[PDB]
Amino acid sequence: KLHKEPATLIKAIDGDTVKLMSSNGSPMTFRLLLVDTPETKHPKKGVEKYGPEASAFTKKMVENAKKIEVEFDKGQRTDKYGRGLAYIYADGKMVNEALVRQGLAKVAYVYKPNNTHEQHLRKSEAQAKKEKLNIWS
Ligand SMILES: Cc1cn([C@H]2C[C@H](OP(=O)(O)O)[C@@H](COP(=O)(O)O)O2)c(=O)[nH]c1=O
Ligand SMILES: [Ca+2]
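The following block contains the structure:
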């Protein structure tokens with residue numbers, strides 16, 4: 001149902017933003033749907049706590065994968081900054097979920113109709129909270 005396709009890593013930027021080579025054949029910046037990892041680049045809030053950890057996690061995950069796939073939700077495919085909005089998978093593992101599960105991101109920016117995996121992400125977030133991991137420590 002959801003549109004999914006292969007992509008190739010260009011570079012990991014931070015915990016929730018990565019540059020990939022789309023099936024299109026064009027280099028694009030992707031921002032992970034439904035999550036927010038702590039900031040590491042913008043002068044507002046600074047280098048938030050867990051930022052570097054979130055960044056390291058994502059980098060590790062995409063750099064070690066055999067296969068990267070991008071899955072678009074049902075509504076808009078790009079944000080106002082021109083970033084592609086998707087669920088990213090590394091060897092069939094959802095990075096968006098992986099981060100939440102570890103308490104390295106919170107569920108955020110839920111913009112209907114792009115919320116197909118919201119409940120899934122929410123459950124993982126509840127578990128991380130319950131286990132008092134990283135952000136929830
Ligand atoms: C995740 C996501 C973020 N965004 C926008 C909202 C925020 O804009 P503003 O910058 O105007 O606040 C910003 C959050 O991204 P970052 O966490 O990368 O900064 O990107 C969307 O528009 N749609 C989305 O699905
Ligand atoms: Ca962020």
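Going by my numbering, the sequence shown opens with residue 1, and the numbers climb by one from there.
Just so you know, even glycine gets a beta-carbon here, dropped at the ideal spot from N, CA and C.
Checklist entry - Which residues mark the beginning and the end of the alpha helix (DSSP H) in which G51 is found? => result Segment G51 to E63, the alpha helix (DSSP H) holding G51.
Item to check | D79 Cβ short of 7 Å to ligand 2 heavy atom set | outcome: no
Next on the checklist: Can you tell me whether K4 is helix, strand or coil according to DSSP?
Outcome noted: strand
Next on the checklist: Let me check one thing: in DSSP terms, what residues is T29 bridge-paired to?
Outcome noted: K19
Checklist entry - Which residues mark the beginning and the end of the beta strand (DSSP E) in which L85 is found? => result Unbroken beta strand (DSSP E) run through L85: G84 to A90.
Next on the checklist: Residues around ligand 2, please: the condition is that the C-beta lies closer than 6 Å to some non-hydrogen atom of it.
Outcome noted: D16, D36, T37 and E39
Checklist entry - What is the C-beta distance between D73 and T116, in whole angstroms, given that I count them as a contact (C-beta under 8 Å)? => result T116 and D73 do touch by the CB rule: their CB atoms are close to 5 Å apart, below 8 Å.
Item to check | Environment of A126 [buried if 16+ CB atoms lie within 10 Å] | outcome: exposed
Checklist entry - How far does the alpha helix (DSSP H) with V95 in it reach, from first residue to last? => result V95 to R101
Checklist entry - Would the C-beta of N96 count as close to ligand 1, meaning under 7 Å from any of its heavy atoms? => result Between ligand 1 and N96, a heavy atom-to-CB distance of less than 7 Å is absent.
Next on the checklist: Assuming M28 and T8 are in contact, meaning their beta carbons sit under 8 Å apart, how far apart are those beta carbons, in whole angstroms?
Outcome noted: Going by Cβ atoms, the distance from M28 to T8 rounds to 11 Å, so no, they are not a contact pair.
Item to check | CB-CB length for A12 against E63, believed under 8 Å | outcome: 7 Å
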